[PDB]
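**Q** Structure in structure tokens, see below.
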Amino acid sequence: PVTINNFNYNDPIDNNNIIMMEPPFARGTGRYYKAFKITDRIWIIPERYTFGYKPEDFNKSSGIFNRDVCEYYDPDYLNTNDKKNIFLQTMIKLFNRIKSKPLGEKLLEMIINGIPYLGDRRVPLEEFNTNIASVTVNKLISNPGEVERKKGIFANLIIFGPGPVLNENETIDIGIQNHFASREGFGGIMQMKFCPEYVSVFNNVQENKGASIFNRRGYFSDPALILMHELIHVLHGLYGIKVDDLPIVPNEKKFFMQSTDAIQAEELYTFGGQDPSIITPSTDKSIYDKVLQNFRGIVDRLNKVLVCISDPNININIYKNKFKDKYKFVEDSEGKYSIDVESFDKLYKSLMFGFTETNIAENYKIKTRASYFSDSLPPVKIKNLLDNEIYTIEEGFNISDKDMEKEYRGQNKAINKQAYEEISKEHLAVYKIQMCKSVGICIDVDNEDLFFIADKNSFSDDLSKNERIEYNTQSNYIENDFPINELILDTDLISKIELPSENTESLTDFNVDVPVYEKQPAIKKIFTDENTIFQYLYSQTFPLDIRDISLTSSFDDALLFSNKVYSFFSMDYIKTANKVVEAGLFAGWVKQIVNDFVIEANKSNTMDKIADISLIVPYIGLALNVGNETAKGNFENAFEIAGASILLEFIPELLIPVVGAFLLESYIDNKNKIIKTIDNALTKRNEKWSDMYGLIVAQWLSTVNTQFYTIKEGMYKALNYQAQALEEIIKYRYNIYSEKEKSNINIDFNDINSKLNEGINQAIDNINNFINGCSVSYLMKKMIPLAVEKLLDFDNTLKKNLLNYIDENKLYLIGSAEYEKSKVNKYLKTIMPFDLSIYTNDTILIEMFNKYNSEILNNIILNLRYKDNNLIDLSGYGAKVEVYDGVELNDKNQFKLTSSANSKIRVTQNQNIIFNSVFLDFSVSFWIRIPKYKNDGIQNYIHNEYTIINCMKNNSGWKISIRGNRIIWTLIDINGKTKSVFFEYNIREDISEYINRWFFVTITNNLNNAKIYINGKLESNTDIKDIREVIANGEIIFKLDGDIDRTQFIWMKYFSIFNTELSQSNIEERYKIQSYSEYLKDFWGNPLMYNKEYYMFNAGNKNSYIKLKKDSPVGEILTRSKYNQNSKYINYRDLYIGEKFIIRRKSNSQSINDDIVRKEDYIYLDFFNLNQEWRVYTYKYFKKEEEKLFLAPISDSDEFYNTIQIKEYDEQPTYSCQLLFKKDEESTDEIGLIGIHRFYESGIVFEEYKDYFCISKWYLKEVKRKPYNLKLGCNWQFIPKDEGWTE
Ligand SMILES: [Ca+2]
Ligand SMILES: [Ca+2]
Ligand SMILES: [Zn+2]
């Protein structure tokens, strides 16, 4: 157990637990400090830390000490005895809180027992030397006014009050002659400057601070956790493992980059959470090795120590026993000490990954910042930590008896205001970057708001070094984790070995290095005319002395005029916001503009499914103009083209080492040592893949995800500026009214702010999801593949290396040089899939990853789309696409492959995508339109198979071919074994749903089957179990290849590939998404057009067509003529028959050239009667359910309706459309739908039934039925002449 002593500042010095100490940095000169032993080996000196600081620097100035901290200054802190005593009692309370739980009690026990080794690097291995400043500190015994009598004591930790900056807590180690005992295995007296009352404030981006933009946001820290964070540094320093290694260094070559001190791995380890992941596995092992090497030096010292010259009273055995336990060394029955690898590993992991701020916070139910790399806010002052009503030893601020335990409400600034006070801004100093234009207006930007982008020098290149493989050689992995529960239950973690007495000889060698600090300018001026994130955010603000502003979509005007505020919301939103109204209409206007605000903000939920993008925030570019000028043009389009990359302010140069070669050592005549070597080399190979992935993750988190974090914060600020601006306008307009008017105005400012705030919260959630998706996308498509390329290269090099090794030892391997030959091929065959959870256990990051992998669209590895008269891959993997001259392309994303040799597309796929999952798993989807057979060429049509898409490599791959009315999918494995599955449509149907009509094809492949889906429905299936490996990343050639007719062609659209098997559900969804359009379509599936001649088809009367009756102004219905020749393979009904209709636009006299017909358009349905254009009319006064339509010349009669509304009542994909007659555009009076009706005719000569072109009210209720009735006689399709259909 840990005992925390009690005392008052004025208690008498007793030279034991209350002393006059001579601090290490005093160099044995100057004055002494009254110090209090709070626990064994730990001292508290309730006075400001002044070592290395100028007295005046304790005042706020035009300078700052740290570039990444909102620095608070207060020279009066601790300037009285009562203030010093309060500091003392507060420290006692914090220590009691720390030991209130086993985890914290153990941290203290480890620290108390982690006594510094007696000596350092300069001390002979045979000796213990206490006469060094890192081991002994002196206390003055003599009476006041004379340093006549001094006594030495051993100490572990000395905690002082703060230095100039109250909120800048720091743990300091002792350097002597340029070396640090605490960094070389020995450990040394540790010092700390700490302030309990002025604590840091933080706010989680992904989480709302009580969700109130008009209230105080964020949470304040529990000083006990802040102290434990420092105590962890103390722990590391005491065990001598606070080693230095390759640090994370910020790139500062660009003006938008955050400047900061180099960050050592030890600091990131101390924080925990995701931060250890920024330290590559290479560096993790580097640090591990250095610490182990340091301990070896200590264990050697224990085996050689014979005496202590500095203090004859030191019992050598007692210390050897204590140090053996401290470092967890093992000792044999003879007393020989050695390192136990298991015990060392456990100790190391416990100290680096067990005791972390994140783990401690979690255990103590204390909320803390999400990461070391999270913006810093202004600190606050805790009113009274000694008041149990506000802060307790057991629960800190989150007191359950006050219902503040839930959701860390006790630390919530918006909720627990009674616990703290805001700090006077006049006492705060912050490093700012003054961005000046070349003229010249300037904008100040806190350095903390800039992008933190780790420089390339931050990462280890150890992966490029060679590795000697031996029967020995084993894997090397360091799990940046340690089960906190076992640590809390570990029975032998805490020492039960006697702590030596602290009294020793007085220190006489005061040699020590004392740091010297100095402020630097708080403002750095730079010149740039760039208008990026900082400038855009700035344009959305207004000075405090202005109260009348107006919104503008002009960024430039917003910068020029103080009364103009930039807004990235719609033109209509902006206009309405600037509208001035009468008091009587003010309440209405407020409701309107506030509602508009929510609508605008909610556009952050916009979907873009047709472009294979589930979510996109269209206004991010306009809001920040971050990255590659995202404020220009249409952001959504730009995103569809370049993806996440366009949002990055800077594209990082990644470190992706050429993996060093392996050196396989041979063992002649040794069958085992040779086999072992081969195996070890294989396992080491995987370590290489893992370490590379870890190197990628570290860079992604410190150079990319950091930039996206800044963008998320930027959008939060942007949205708030918009709400603040609207709030300002509303206030101004309301205050223009008189008191009498105001009294009659029904407005609730809190309800307004509530609605605005809620809108922002909804938007932020979408924005965070969007940005996290972008971050993972960059990782997977722009980083991982580049690493895979090197790893695959490495594999190849290692492959022949191993085979050539199995060759050189062929003899010594006898009848096995083949068994292990394949053992190498099959091992280097299956590559390691990237799993983020392997490099981090951070829930946020893991969830981001899993979410990404759960989105089927992220499985797209090829997406050929039209953009600027060319076809490019928008999958994000950058396939090279060569479209040759003979390929016809249009903006409807359709492309035509003809019989010409130059009508082809060459696609070179990305070779670094996990495609060969080792069992075949991928899908291909596309739309196609295959022309009808030539009647005089039917034999060749059914006989000649021709390839249309071929993807082969090493005589293995896949291809899509066509043989007449059959489309074929074929797979060929490395052995040449072939399997096919096909879809063949009937060519004897009166009316075919497939011939010359666009239809959707989807082919899926898995370990068992090959399936072909047509328009979302499964059509064919082939068992492909026997098929072995199939290379599918070869070049893809789109070209008609075979014995084809010169007239042969094929149209294709939306070609894409998925590296997974699509489900029937995925396919059906894709079919509907790609079928969707605002416009109606024609019989063939193309957009329906105005001013284009069409024959009419009736889905409910397939073989019927319309003809103007010779003797009457009506359309009689006749039977389609049919294929006349004698071929046994074909049959169809003629399509180019009946009246030639033409659709004309109703309004806008923009002439009659042509255009696209959209659902709900009002039209005129006309047709040609010889040299005249006639029209389809409905007699206005029929009383029956239906009537024959009236066909006559164009004219305007008061007795006939002439306006039709084209409709689409079917919710599912169809090329059918309906035609409605309404009394007039305005009314909701429906006359009926155009269809076909059967009439009975009994004349003097003939008696029979005849069908006529009619309008009927009966259809009105029928089109509402579900599922939509495709057989209804009111379903029509328009057939224009098409080269793909001849008769
Ligand atoms: Ca790491
Ligand atoms: Ca302005
Ligand atoms: Zn730290």
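Naming scheme: A, B, ... for chains in displayed order of the structure tokens; residues 1 onward per chain; ligands 1 onward as shown.
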Would you kindly return, as a list in words, each protein, DNA or RNA residue with an atom no farther than 9 Å from any atom of residue 916 in chain A, considering only C-alpha atoms and excluding same-chain residues fewer than 2 positions away?
**A**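 Those residues are residues 830, 913, 914, 918, 919, 920, 921, 1029, 1030, 1031, 1032, 1033 and 1059 of chain A.
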**Q** As a quick test: using only C-alpha atoms and all ligand atoms, which residues lie no more than 8 Å away from ligand 1? Give them as a list in words.
**A**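 These are the residues that qualify: residues 275, 276, 277, 278, 279, 280, 281, 283, 284, 478, 479, 480, 694, 698 and 839 of chain A.
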**Q** Please extract the residues at most 6 Å from ligand 2, counting only C-alpha atoms and all ligand atoms, and provide them as number ranges by chain, using the chain letters and residue numbers of this document.
**A** A: 539, 542, 558-565
**Q** Can you spit out the residues from that selection as a PDB file, in the first residue's frame, using C-alpha atoms?
**A**
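Dumped everything to selection36.pdb:
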ATOM      1  CA  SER A 539     -14.381  35.993 -44.869  1.00  0.00           C
ATOM      2  CA  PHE A 542     -17.248  40.400 -38.980  1.00  0.00           C
ATOM      3  CA  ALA A 558     -16.793  39.732 -48.226  1.00  0.00           C
ATOM      4  CA  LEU A 559     -13.075  40.380 -47.739  1.00  0.00           C
ATOM      5  CA  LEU A 560     -13.393  43.969 -48.961  1.00  0.00           C
ATOM      6  CA  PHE A 561     -16.357  45.110 -46.910  1.00  0.00           C
ATOM      7  CA  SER A 562     -16.697  44.681 -43.164  1.00  0.00           C
ATOM      8  CA  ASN A 563     -20.490  44.699 -43.481  1.00  0.00           C
ATOM      9  CA  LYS A 564     -20.392  41.868 -46.038  1.00  0.00           C
ATOM     10  CA  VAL A 565     -20.167  38.274 -44.795  1.00  0.00           C
TER      11      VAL A 565
END
**Q** Report as a list in words which protein, DNA and RNA residues come within 9 Å of ligand 3, using only C-alpha atoms and all ligand atoms.
**A** residues 169, 170, 171, 229, 230, 232, 233, 266, 267, 268, 270, 271 and 372 of chain A
**Q** Skip residue 1197 in chain A itself and residues of its chain fewer than 2 positions away, then list as a compact mmCIF listing (two decimals) with C-alpha atoms, in the first residue's frame all residues within 10 Å of it, counting only C-alpha atoms.
**A**
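The resulting file, out_21.txt, is reproduced below:
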# COMPACT_ATOMS: atom_id res chain seq x y z
CA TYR A 1177 -57.16 15.13 -79.74
CA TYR A 1179 -63.43 15.47 -77.65
CA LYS A 1180 -64.11 17.42 -74.44
CA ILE A 1194 -53.41 21.11 -86.29
CA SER A 1195 -55.94 23.66 -85.03
CA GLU A 1199 -64.37 21.44 -78.27
CA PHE A 1200 -61.19 19.33 -78.07
CA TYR A 1201 -58.41 18.85 -75.52
CA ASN A 1202 -55.04 18.97 -77.28
**Q** Identify, on the basis of only C-alpha atoms, every residue whose closest approach to residue 290 in chain A does not exceed 9 Å; exclude the query and any residue fewer than 2 positions from it along the same chain; express the result as a list in words.
**A**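 The neighbour list is residues 184, 241, 243, 245, 285, 286, 287, 288, 292, 293, 294 and 295 of chain A.
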